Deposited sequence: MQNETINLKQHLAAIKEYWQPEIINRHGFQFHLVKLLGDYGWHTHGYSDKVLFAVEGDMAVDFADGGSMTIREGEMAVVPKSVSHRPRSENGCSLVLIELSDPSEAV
């Protein structure tokens, strides 16, 4: 059961509305971001910026840019703040 990223992404039509998708050990989240929605926490996560750019602010002031075609990991337990200056389609890969 392969997941067509462009497919599922084209369908979902609001920002901040994740489509969750399960596949064995892995949880996938597909969302689009614009703006920001403050701070979160949640094991490790893989964020893959399928379509625009995006950043994750950290509480201790650190900041991570995830430009298109880029992939990063947001460690477990660190309060953080995902945001997108101009809109980003994001796939997020999780465990349990």
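- Unmodelled regions of the deposited sequence, numbered from residue 1: 1 to 3, 46 to 47, 102 to 107.
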